[PDB]
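A lone chain, given as structure tokens: the form deposited in one PDB entry.
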């Protein structure tokens, strides 16, 4: 039946409702002061009455809000997010979709046809990857990492629960960004020490992330190019978090070989990101999130299958290669290998 096509055919509109609910302060208002009538919403949020009605209709029909009494409350997924302490995280990733993902997504068809990340044209600069363009605009880098920080807060529980971090001590965070994951690791495991490797632009945000955690003595930054520069020696654990999704399989092989050469024998390699199921049918998250990867970061970015990643670890020379999957939310998992002695 073709009624089924309506939510896809209007998917962008569906997103815009969540976008508006967040940006316009609806969900937080309902959280602190619900239930509220449409006219109370309009007055609170300073919206024209027609505007509140349209918004409330949008969020109510999607299940983001519920209406009884002619009074409005947050719906179950929203209320759930508040309950679990995940609202600022949810709010921030929505901002990201809005400010970073949405408009480049329009270049999806061209990006597929030409194999280019055509969506990057919306950002000043001439380099062919998104990250080296973040520096081109004042405050852009900070906005981007506010986003990434939040995505990792959402997905790094599976990382933090990784058995290896009770057994390793010195982690190399390759492309560690704003050091969100270094810090989360350092906090959960006081034994641990982490080197955050990234572009200088990222590391300026990293220092601030490190400084407000007071983790300057166990978490440090090091500026390098992940391809052309050497990975710092004397590390126990090489971590790739939301990294290998950016590059082609051959580039990934290159990165993993550097991980191998640099890591202490008996050490571990960890690949942490979303993964496409090996049967290529999902999950929905990877399937959808790939529109971002096809249009923006780099021309070969895509969410790879577990089996493909595992293959790269073995062909880099790692052993004991395997995966850690379920939490629930999402396809985030860890693929891991050991450097043999």
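Positions refer to the first chain, counted from 1.
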| item | value |
| --- | --- |
| Given 80-88 and 127-135, the range whose Cα B-factors average higher in the PDB entry | 80-88 |
| Mean C-alpha temperature factor, higher of 32-40 and 55-63 | 32-40 |
| Residue with highest C-alpha B-factor in the PDB entry, from 72, 144, 108, 102 | 72 |
| Residue of maximum C-alpha B factor among 244, 174, 112, 219, per deposited coordinates | 219 |
| Entry-reported Cα temperature factor of residue 330, expressed as the chain third it lands in | highest |
| Residue 117 by Cα B-factor - lowest, middle or highest third of the modelled chain | lowest |
| Modelled-residue ranking by C-alpha temperature factor, third containing residue 45 | highest |
| Assigned third (lowest, middle, highest) for the C-alpha B factor of residue 271 | middle |
| Chain thirds of CA B-factor: placement of residue 178 | middle |
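The same protein also has a form deposited in another entry, omitted here; what follows describes it.
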{"query": "Which entry of 42, 156, 25, 192 falls at the hinge, with the rigid parts compared between the shown form and the other one", "finding": "156"}
